[PDB]
Amino acid sequence: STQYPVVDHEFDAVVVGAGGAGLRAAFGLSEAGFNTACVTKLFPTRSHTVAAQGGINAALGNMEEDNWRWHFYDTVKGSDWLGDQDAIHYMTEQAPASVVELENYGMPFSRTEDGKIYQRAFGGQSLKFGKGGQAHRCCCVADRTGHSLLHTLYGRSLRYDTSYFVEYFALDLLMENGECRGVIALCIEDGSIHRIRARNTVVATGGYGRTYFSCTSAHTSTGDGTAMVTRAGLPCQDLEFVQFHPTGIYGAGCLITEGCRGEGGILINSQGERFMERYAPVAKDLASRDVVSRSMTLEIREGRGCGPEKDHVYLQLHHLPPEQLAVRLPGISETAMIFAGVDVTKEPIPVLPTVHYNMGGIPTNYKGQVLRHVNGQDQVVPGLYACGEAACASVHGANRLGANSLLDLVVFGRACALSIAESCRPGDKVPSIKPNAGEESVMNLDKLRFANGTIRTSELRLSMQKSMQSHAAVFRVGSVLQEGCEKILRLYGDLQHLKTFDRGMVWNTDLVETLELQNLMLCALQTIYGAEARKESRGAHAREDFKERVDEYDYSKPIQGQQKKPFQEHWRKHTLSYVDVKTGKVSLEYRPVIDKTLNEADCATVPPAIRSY
Amino acid sequence: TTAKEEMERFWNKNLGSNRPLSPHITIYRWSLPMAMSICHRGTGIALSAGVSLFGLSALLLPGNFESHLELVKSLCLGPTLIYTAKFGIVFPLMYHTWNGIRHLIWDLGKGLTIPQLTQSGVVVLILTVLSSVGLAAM
Amino acid sequence: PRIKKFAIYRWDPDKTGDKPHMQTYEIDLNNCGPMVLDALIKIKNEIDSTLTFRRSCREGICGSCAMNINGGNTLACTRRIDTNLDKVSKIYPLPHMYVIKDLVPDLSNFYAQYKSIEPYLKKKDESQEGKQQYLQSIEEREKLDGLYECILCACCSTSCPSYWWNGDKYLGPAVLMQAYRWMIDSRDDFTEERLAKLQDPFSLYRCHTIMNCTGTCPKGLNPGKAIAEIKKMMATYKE
Amino acid sequence: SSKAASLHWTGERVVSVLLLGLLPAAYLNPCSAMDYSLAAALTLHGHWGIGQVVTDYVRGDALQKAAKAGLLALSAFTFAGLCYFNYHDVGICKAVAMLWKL
Ligand SMILES: *Cc1cc2c(cc1C)nc1c(=O)[nH]c(=O)nc-1n2C[C@H](O)[C@H](O)[C@H](O)COP(=O)(O)OP(=O)(O)OC[C@H]1O[C@@H](n2cnc3c(N)ncnc32)[C@H](O)[C@@H]1O
Ligand code: HEM
Ligand SMILES: O=C(Nc1ccccc1)c1ccccc1I
Ligand code: SF4
Ligand code: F3S
Ligand code: FES
């Protein structure tokens with residue numbers, strides 16, 4: 001306060017995030033004719049989506065004749081019926097349209113005989129509503145798809161007058177009487193504080209992998225947008241559902257794509273057995289992520305360990321053609337060699353299931369509007385939007401389908417732009433904000449910048465990370481989760497006993513990583529408590545105490561003879577977590593999933609069924 | 001903000017700031033291709049200077065060339081010393097002649113991989129010593 | 001105990017009088033990761049939380065790590081530390097660039113040049129765009145290999161001596177390679193006017209095939225070759 | 001939108017291959033006509049050579065023009081000298097030959 005300068009910016013719409021989700025929303029808004037400002041802590045290229053290897057799904061019918069409705073069914077079946085079907089309808093239908101848009105933007109997709117966008121088999125996708133065998137609808141830029149996607153989206157975004165606040169750490173949402181006015185942000189370059197206000201705000205900050213000790217995600221995946229929503233009192237959703245990607249280098253935790261499993265790659269144990277045929281008969285080693293990795297983490301605890309210390313497993317490309325590896329998957333060919341020293345042609349890659357995708361995030365409409373939970377119902381938060389991994393329309397549900405997140409990025413980023421475009425026009429008066437607004441956000445900065453503590457940021461981060469890694473792991477019991485819940489609660493009280501060192505204005509990476517720690521902890525609290533509260537096994541979240549999938553009905557037998565279980569007695573519902581900032585208490589509620597589609601006659605609702613690929 | 005405006009505001013920001021330019025020649029690792037490009041520039045400058053000194057003496061200095069050579073014989077220097085004078089003429093000439101072809105090969109879009117620069121680079125370097133010792137023996 | 005010394009460039013703009021200087025850090029390698037960044041991260045977390053650098057993926061695909069280690073411009077997450085304990089690893093910021101703070105360069109101009117070449121598909125009449133995928137042969141796709149992979153880490157452009165001297169006016173390899181990346185992209189219609197944008201002594205013709213770009217590229221690409229291939233187009237194009 | 005900067009580059013490579021061809025041709029056939037064309041190619045190539053150095057190092061609008069003017073006057077006086085040497089003296093070829101057997 002008064003030691004800091006304030007610079008109030010005025011815009012039509014603010015987009016916080018420069019990933020695929022953020023960029024598509026940003027330039028799409030500018031294309032609609034809005035004065036759009038994009039606020040991003042990293043340079044747009046550096047954003048994670050660049051690390052995306054697998055591909056982007058669209059029923060284009062380039063390999064075999066395909067219907068987008070088949071893609072709808074495969075997403076909702078994969079979501080363990082926690083997926084809201086109104087959003088899945090919208091995503092799977094726009095899927096072909098959105099991809100063809102990118103190829104037209106200039107995204108260098110791989111090609112085939114016909115000259116169409118090359119698709120290939122991926123994790124858990126089928127034809128004819130789960131009956132027609134293997135589906136090939138994963139459009140890819142040969143193992144570097146997210147890289148090309150981010151680069152072309154960014155490339156094309158220079159065609160419009162989008163104001164890019166590059167290297168700006170957004171701190172908190174500008175809020176007044178429920179209504180969102182934009183963001184208050186610290187400028188990493190000079191230490192200044194900026195109040196960017198708008199009629200609408202898009203939140204596309206991506207996931208929060210860095211809550212755990214081991215992940216595939218970037219160092220900058222710190223669930224910042226989640227925390228900005230958290231501190232506003234607005235609910236988060238399904239934060240206990242965390243995807244464990246089955247294949248990632250045992251060492252630093254880098255990713256080996258699921259495209260390896262779609263091109264003909266097999267997973268081999270300590271005896272050399274094709275062990276995924278022992279669990280899944282129909283899909284085998286190309287089954288859903290929630291089951292494959294949970295079969296792998298089972299093998300580690302068995303004693304059938306496949307390594308120098310019997311702690312990891314293998315992904316084998318020994319019997320794959322060397323001619324195909326050079327063309328289809330060259331990005332893993334380098335990163336397997338660099339991080340392990342593995343010839344992908346002769347040797348198998350040492351893999352270990354670790355944190356990959358955050359299913360939950362910020363509750364949102366199929367249109368993309370952030371929702372608060374009032375009176376056991378829903379309410380659209382005015383001028384607040386969220387898209388990507390940051391959000392939770394729960395188009396992924398309990399378990400995200402392979403190569404859907406990059407689709408989720410484009411589609412719902414685009415959707416956020418359309419919702420703003422239709423609800424109001426550019427040049428509509430920007431709602432003015434109080435002179436003393438976001439004042440505590442600045443004070444959160446100032447108190448943390450001059451922090452005379454006893455436990456430095458780095459030490460506290462590790463205390464959070466390894467706790468989550470052993471408590472909120474692949475399998476989780478009540479006893480372990482209970483210890484974890486008060487173990488994570490412990491470290492929240494430590495968030496003042498923290499000692500900072502760097503006390504400058506220009507590029508205080510020491511300060512931003514601490515702000516990231518506050519956001520990571522706020523993510524962690526809601527993640528662990530939701531898991532301990534949920535007393536069932538659903539998708540990625542699997543309780544050893546309650547390995548039963550608890551629905552409104554026992555869907556194993558016919559529907560007729562049963563009566564519906566009361567909403568507050570079953571577990572097929574969205575976890576709505578809140579947390580008080582001062583006490584660090586996680587109080588949570590629930591709201592129903594959406595079953596109705598956007599059109600029943602065009603796309604039928606898929607009722608809950610047995611879960612096994 | 002435009003492309004041209006971004007650069008225009010980049011320079012104002014830095015040239016009026018107490019920011020230091022990072023070290024470059026002080027630190028960057030010397031390589032054959034980089035060092036061999038330096039010599040090509042050097043030999044070019046060295047050669048053209050000689051040619052200019054030759055022209056700007058035909059118009060300026062008195063006498064004829066035969067008179068000038070008779071003045072060189074006046075010092076009646078050692079055959080080895082006159083060979084050293086002769087070698088130091090052809091050496092910068094030949095290097096530039098050989099590496100000049102290597103540049104012209106590159107201009108065709110050929111031989112531009114990293115191993116090829118050390119291969120042909122040595123082949124230029126070796127051709128130099130041979131064609132310089134060869135010509136000075138005439 | 002296996003102690004490795006790291007000599008690192010440090011300058012803080014929030015301290016008056018403080019000028020550029022080196023700082024050494026000692027690290028046990030058996031506690032630390034195999035890559036250079038793992039050591040930069042270790043000292044930041046444990047020894048000195050002032051070492052301000054850029055890091056994101058530690059995977060070699062985002063291009064944050066870009067810095068000059070031991071005289072070469074590579075990614076800190078790709079260069080594995082020298083187990084030779086007798087040698088002290090020297091970490092420097094990208095060469096001839098304005099230092100914002102400790103190894104963090106000002107890349108504004110670098111990005112700004114990238115914007116000037118228009119790195120997006122341009123069709124003469126795209127009133128039909130959005131609805132149908134453009135056709136491209138498998139062969140026309142290979143023409144882009146080795147060109148798009150560029151993560152814009154600014155290692156190559158910053159390794160070029162011409163970019164050291166004439167960084168203001170000359171685009172550098174990084175930006176020029178992307179210009180070529182969009183030149184032979186069969187879908188693009190604006191191939192002639194893209195070349196005409198380089199019709200001045202500086203934009204393209206500050207290249208003298210010094211070749212530091214190809215030599216330093218962390219992703220293994222060949223910018224110089226693509227520049228040389230541009231020069232050929234520049235000579236042999238009608239209209 | 002004329003392409004002048006591109007043609008200049010092509011010109012520079014043309015004189016290079018001409019000057020490459022001339023140095024053995026001047027050895028094998030050392031005539032008076034070879035003397036003049038050698039003086040023509042030698043001074044031009046070098047002029048365009050230093051020109052490249054000047055555009056590289058000599059920064060500034062006001063300073064660069066004077067450097068290009070100096071280089072032009074120098075190259076003019078050089079080509080004049082060589083031609084005078086070809087016309088009023090032994091000539092490059094025959095003068096080189098005399099210098100060598102010494
Ligand atoms: C981890 C991962 C994920 C992944 C993948 C490979 C890896 C290693 N491969 C995929 C694939 O092949 N196909 C697919 O469908 N998904 C794949 N994924 C998952 C997917 O890539 C991610 O879920 C998705 O890319 C996330 O993208 P999103 O646009 O939503 O977010 P982001 O990429 O992380 O970008 C974040 C941007 O937000 C800005 N930011 C963040 N916090 C702030 C604050 N504090 N202030 C201002 N800006 C902020 C960042 O700057 C960044 O630009
Ligand atoms: C016949 C043999 C020669 C060949 C093949 C040749 C070729 C070349 C080429 C191609 C370049 C430009 C390098 C590039 O590609 O960027 C160059 C540079 C140059 N040359 Fe020559 N040249 C020859 C003889 C000479 C002579 C006899 C002189 C002296 C009068 C000379 C003076 C220069 C100068 C001043 C430069 C500029 C240096 C630079 O731009 O890097 N060259 N030469
Ligand atoms: O600048 C140059 N010198 C230089 C090269 C490396 C290191 C330091 C200076 C140079 C050298 C040869 C050809 C073109 C050039 I622009
Ligand atoms: S071509 Fe290579 S060195 Fe140059 S910017 Fe791209 S990735 Fe970096
Ligand atoms: S380092 Fe250089 S001068 Fe050209 S060949 Fe590469 S940009
Ligand atoms: S941090 Fe992304 S490349 Fe090193």
# chains A, B, ... in the order shown; residues from 1 in each chain; ligands from 1

$ interface_residues --of "chain D" --to "chain C" --cutoff "7 Å" --atoms "only C-alpha atoms" --output "PyMOL selection string"
chain D and resi 3-7+10

$ residues_near_ligand --ligand "ligand 3" --cutoff "6 Å" --atoms "only C-alpha atoms and all ligand atoms" --output "number ranges by chain"
B: 25, 34, 37-38, 41; C: 161-162, 208; D: 56

$ residues_near_ligand --ligand "ligand 4" --cutoff "8 Å" --atoms "only C-alpha atoms and all ligand atoms" --output "mmCIF file with C-alpha atoms, in the first residue's frame"
data_model
loop_
_atom_site.group_PDB
_atom_site.id
_atom_site.type_symbol
_atom_site.label_atom_id
_atom_site.label_comp_id
_atom_site.auth_asym_id
_atom_site.auth_seq_id
_atom_site.Cartn_x
_atom_site.Cartn_y
_atom_site.Cartn_z
ATOM 1 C CA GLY C 63 12.404 -23.290 -24.413
ATOM 2 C CA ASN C 73 23.683 -21.988 -26.125
ATOM 3 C CA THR C 74 21.542 -24.966 -25.100
ATOM 4 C CA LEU C 147 11.295 -26.668 -39.455
ATOM 5 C CA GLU C 149 9.884 -28.377 -34.281
ATOM 6 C CA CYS C 150 11.654 -25.096 -33.444
ATOM 7 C CA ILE C 151 10.480 -24.097 -29.945
ATOM 8 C CA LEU C 152 11.820 -20.526 -30.342
ATOM 9 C CA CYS C 153 14.347 -20.908 -27.507
ATOM 10 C CA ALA C 154 16.472 -18.144 -29.074
ATOM 11 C CA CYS C 155 19.690 -20.163 -28.752
ATOM 12 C CA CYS C 156 20.534 -20.032 -32.467
ATOM 13 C CA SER C 157 19.692 -16.382 -33.157
ATOM 14 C CA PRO C 173 18.062 -17.688 -37.912
ATOM 15 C CA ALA C 174 15.216 -18.522 -35.478
ATOM 16 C CA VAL C 175 12.804 -16.057 -37.102
ATOM 17 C CA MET C 177 13.721 -20.471 -40.303
ATOM 18 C CA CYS C 213 23.064 -21.422 -35.253
ATOM 19 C CA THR C 214 23.064 -25.041 -36.470
ATOM 20 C CA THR C 216 24.196 -24.664 -31.037
ATOM 21 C CA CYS C 217 20.578 -25.711 -31.708
ATOM 22 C CA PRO C 218 19.345 -27.819 -28.761
ATOM 23 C CA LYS C 219 16.625 -29.495 -30.863
ATOM 24 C CA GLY C 220 19.151 -30.495 -33.553
ATOM 25 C CA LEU C 221 17.606 -28.517 -36.418
ATOM 26 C CA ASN C 222 19.436 -26.731 -39.244
ATOM 27 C CA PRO C 223 18.449 -23.030 -39.455
#

$ select_by_dssp --residues "segment 205-446 of chain A" --states "strand (DSSP E)" --output "ChimeraX atom specification"
/A:236-237,242-245,266-268,313-316,349-351,354-358,362-363,369-372,379-386,391-392

$ write_last_selection --atoms "C-alpha atoms" --output "PDB file, in the first residue's frame"
ATOM      1  CA  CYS A 236     -14.345 -25.768  -6.836  1.00  0.00           C
ATOM      2  CA  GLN A 237     -15.448 -29.120  -8.264  1.00  0.00           C
ATOM      3  CA  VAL A 242      -6.601 -36.894 -10.279  1.00  0.00           C
ATOM      4  CA  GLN A 243      -5.453 -38.774 -13.396  1.00  0.00           C
ATOM      5  CA  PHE A 244      -2.441 -41.064 -13.123  1.00  0.00           C
ATOM      6  CA  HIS A 245      -0.994 -41.544 -16.613  1.00  0.00           C
ATOM      7  CA  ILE A 266       2.824 -53.255 -25.128  1.00  0.00           C
ATOM      8  CA  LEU A 267       3.554 -53.058 -21.377  1.00  0.00           C
ATOM      9  CA  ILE A 268       5.894 -55.718 -19.952  1.00  0.00           C
ATOM     10  CA  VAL A 313       7.407 -51.201 -14.884  1.00  0.00           C
ATOM     11  CA  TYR A 314       8.309 -51.260 -18.626  1.00  0.00           C
ATOM     12  CA  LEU A 315       6.810 -50.011 -21.893  1.00  0.00           C
ATOM     13  CA  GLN A 316       8.157 -52.165 -24.721  1.00  0.00           C
ATOM     14  CA  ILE A 349      11.311 -47.647 -21.702  1.00  0.00           C
ATOM     15  CA  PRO A 350      11.109 -47.779 -17.872  1.00  0.00           C
ATOM     16  CA  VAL A 351       7.646 -46.389 -16.990  1.00  0.00           C
ATOM     17  CA  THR A 354       2.295 -40.604 -11.973  1.00  0.00           C
ATOM     18  CA  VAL A 355       0.074 -37.487 -11.794  1.00  0.00           C
ATOM     19  CA  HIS A 356      -0.924 -36.216 -15.236  1.00  0.00           C
ATOM     20  CA  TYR A 357      -4.339 -34.577 -15.546  1.00  0.00           C
ATOM     21  CA  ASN A 358      -6.529 -32.685 -13.082  1.00  0.00           C
ATOM     22  CA  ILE A 362     -13.833 -24.447 -11.777  1.00  0.00           C
ATOM     23  CA  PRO A 363     -17.513 -25.548 -12.164  1.00  0.00           C
ATOM     24  CA  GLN A 369     -19.990 -19.865 -17.448  1.00  0.00           C
ATOM     25  CA  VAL A 370     -18.589 -20.279 -13.918  1.00  0.00           C
ATOM     26  CA  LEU A 371     -21.179 -21.578 -11.446  1.00  0.00           C
ATOM     27  CA  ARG A 372     -21.707 -20.902  -7.755  1.00  0.00           C
ATOM     28  CA  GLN A 379     -26.257 -19.846 -10.521  1.00  0.00           C
ATOM     29  CA  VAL A 380     -24.195 -18.252 -13.303  1.00  0.00           C
ATOM     30  CA  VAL A 381     -21.491 -15.958 -11.902  1.00  0.00           C
ATOM     31  CA  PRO A 382     -21.702 -12.725 -13.963  1.00  0.00           C
ATOM     32  CA  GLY A 383     -18.675 -11.970 -16.161  1.00  0.00           C
ATOM     33  CA  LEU A 384     -16.690 -14.998 -14.996  1.00  0.00           C
ATOM     34  CA  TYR A 385     -15.712 -17.824 -17.345  1.00  0.00           C
ATOM     35  CA  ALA A 386     -13.339 -20.799 -17.200  1.00  0.00           C
ATOM     36  CA  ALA A 391     -12.201 -25.489 -15.469  1.00  0.00           C
ATOM     37  CA  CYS A 392     -14.513 -28.390 -14.721  1.00  0.00           C
TER      38      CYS A 392
END

$ interface_residues --of "chain C" --to "chain A" --cutoff "6 Å" --atoms "only C-alpha atoms" --output "mmCIF file with N, CA, C and O atoms, in the first residue's frame"
data_model
loop_
_atom_site.group_PDB
_atom_site.id
_atom_site.type_symbol
_atom_site.label_atom_id
_atom_site.label_comp_id
_atom_site.auth_asym_id
_atom_site.auth_seq_id
_atom_site.Cartn_x
_atom_site.Cartn_y
_atom_site.Cartn_z
ATOM 1 N N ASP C 14 17.816 -4.380 -8.374
ATOM 2 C CA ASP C 14 17.197 -3.809 -7.177
ATOM 3 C C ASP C 14 18.224 -3.558 -6.068
ATOM 4 O O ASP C 14 17.891 -3.556 -4.879
ATOM 5 N N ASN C 45 16.619 -23.667 -4.450
ATOM 6 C CA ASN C 45 15.803 -24.176 -3.352
ATOM 7 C C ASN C 45 16.531 -24.297 -2.018
ATOM 8 O O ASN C 45 15.934 -24.073 -0.965
ATOM 9 N N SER C 49 18.049 -18.613 -2.704
ATOM 10 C CA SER C 49 16.773 -18.346 -3.365
ATOM 11 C C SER C 49 16.725 -16.935 -3.958
ATOM 12 O O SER C 49 15.790 -16.168 -3.711
ATOM 13 N N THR C 50 17.748 -16.608 -4.744
ATOM 14 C CA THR C 50 17.822 -15.338 -5.460
ATOM 15 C C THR C 50 18.187 -15.589 -6.920
ATOM 16 O O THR C 50 17.948 -14.738 -7.779
ATOM 17 N N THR C 52 17.632 -16.105 -10.137
ATOM 18 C CA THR C 52 16.402 -15.911 -10.887
ATOM 19 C C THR C 52 16.577 -16.334 -12.346
ATOM 20 O O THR C 52 17.271 -15.669 -13.108
ATOM 21 N N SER C 56 10.272 -24.180 -17.010
ATOM 22 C CA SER C 56 8.879 -24.622 -17.050
ATOM 23 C C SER C 56 8.726 -26.144 -17.082
ATOM 24 O O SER C 56 8.310 -26.744 -16.091
ATOM 25 N N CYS C 57 9.087 -26.764 -18.201
ATOM 26 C CA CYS C 57 8.820 -28.186 -18.413
ATOM 27 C C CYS C 57 9.899 -29.136 -17.889
ATOM 28 O O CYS C 57 9.582 -30.242 -17.450
ATOM 29 N N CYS C 62 9.701 -26.538 -24.212
ATOM 30 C CA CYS C 62 9.124 -25.208 -23.983
ATOM 31 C C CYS C 62 10.089 -24.063 -24.337
ATOM 32 O O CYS C 62 9.670 -23.032 -24.871
ATOM 33 N N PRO C 119 3.717 -15.526 -38.850
ATOM 34 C CA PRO C 119 3.758 -16.981 -38.775
ATOM 35 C C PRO C 119 2.369 -17.628 -38.720
ATOM 36 O O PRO C 119 2.039 -18.326 -37.756
ATOM 37 N N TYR C 120 1.568 -17.394 -39.755
ATOM 38 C CA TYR C 120 0.254 -18.023 -39.894
ATOM 39 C C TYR C 120 -0.082 -18.266 -41.358
ATOM 40 O O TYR C 120 0.443 -17.585 -42.241
ATOM 41 N N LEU C 121 -0.958 -19.238 -41.602
ATOM 42 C CA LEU C 121 -1.374 -19.594 -42.958
ATOM 43 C C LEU C 121 -2.131 -18.437 -43.596
ATOM 44 O O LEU C 121 -3.006 -17.835 -42.967
ATOM 45 N N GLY C 130 -12.444 -22.714 -42.482
ATOM 46 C CA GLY C 130 -13.083 -23.189 -41.261
ATOM 47 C C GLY C 130 -13.852 -24.490 -41.408
ATOM 48 O O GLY C 130 -13.918 -25.278 -40.459
ATOM 49 N N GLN C 133 -11.120 -29.302 -44.471
ATOM 50 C CA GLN C 133 -9.678 -29.505 -44.322
ATOM 51 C C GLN C 133 -8.956 -29.345 -45.657
ATOM 52 O O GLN C 133 -9.404 -29.872 -46.679
ATOM 53 N N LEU C 135 -6.165 -29.982 -48.441
ATOM 54 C CA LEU C 135 -5.445 -31.172 -48.878
ATOM 55 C C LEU C 135 -3.948 -30.918 -48.945
ATOM 56 O O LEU C 135 -3.507 -29.852 -49.381
ATOM 57 N N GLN C 136 -3.179 -31.907 -48.498
ATOM 58 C CA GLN C 136 -1.719 -31.850 -48.515
ATOM 59 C C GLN C 136 -1.162 -33.270 -48.598
ATOM 60 O O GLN C 136 -1.515 -34.126 -47.783
ATOM 61 N N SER C 137 -0.300 -33.513 -49.585
ATOM 62 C CA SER C 137 0.305 -34.832 -49.778
ATOM 63 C C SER C 137 1.290 -35.154 -48.659
ATOM 64 O O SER C 137 1.831 -34.247 -48.021
ATOM 65 N N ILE C 138 1.518 -36.445 -48.427
ATOM 66 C CA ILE C 138 2.484 -36.898 -47.420
ATOM 67 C C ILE C 138 3.890 -36.347 -47.684
ATOM 68 O O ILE C 138 4.660 -36.109 -46.748
#

$ closest_residue --among "D:33, D:54, D:38, D:44" --to "residue 12 of chain D" --atoms "only C-alpha atoms"
D:44

$ closest_residue --among "C:80, C:115, C:238, C:44" --to "ligand 6" --atoms "only C-alpha atoms and all ligand atoms"
C:80

$ residues_around --residues "residue 23 of chain D" --least-positions-apart "4" --cutoff "12 Å" --atoms "only C-alpha atoms" --output "ChimeraX atom specification"
/B:93-94,97 /D:16-19,27-30,34-35,37-39,41-42,92-93,96

$ residues_near_ligand --ligand "ligand 2" --cutoff "7 Å" --atoms "only C-alpha atoms and all ligand atoms" --output "number ranges by chain"
B: 40-41, 44-45, 47-48, 51, 93, 96-98, 100-101, 103-104; C: 208-209; D: 13, 16-17, 19-20, 23, 42-43, 45-47, 49-50, 52-53

$ residues_near_ligand --ligand "ligand 1" --cutoff "6 Å" --atoms "only C-alpha atoms and all ligand atoms" --output "ChimeraX atom specification"
/A:16-22,39-42,44,47-49,51-56,168-170,204-206,216-217,221,224,255,356,388-390,403-407,409

$ closest_atom_pairs --of "chain C" --to "chain B" --cutoff "7 Å" --atoms "only C-alpha atoms" --output "tab-separated table"
residue	atom	partner	partner_atom	distance
C:71	CA	B:28	CA	4.0
C:72	CA	B:29	CA	6.2
C:93	CA	B:22	CA	6.3
C:94	CA	B:22	CA	6.9
C:95	CA	B:24	CA	4.6
C:96	CA	B:22	CA	4.8
C:97	CA	B:21	CA	5.1
C:98	CA	B:21	CA	4.4
C:99	CA	B:20	CA	5.6
C:100	CA	B:19	CA	6.5
C:108	CA	B:10	CA	6.4
C:109	CA	B:7	CA	5.2
C:112	CA	B:3	CA	5.3
C:113	CA	B:3	CA	6.9
C:115	CA	B:3	CA	5.7
C:116	CA	B:3	CA	5.4
C:210	CA	B:34	CA	5.6
C:211	CA	B:33	CA	6.9
C:212	CA	B:34	CA	6.9
C:215	CA	B:114	CA	6.3
C:225	CA	B:112	CA	6.0
C:228	CA	B:109	CA	5.6
C:229	CA	B:109	CA	6.0
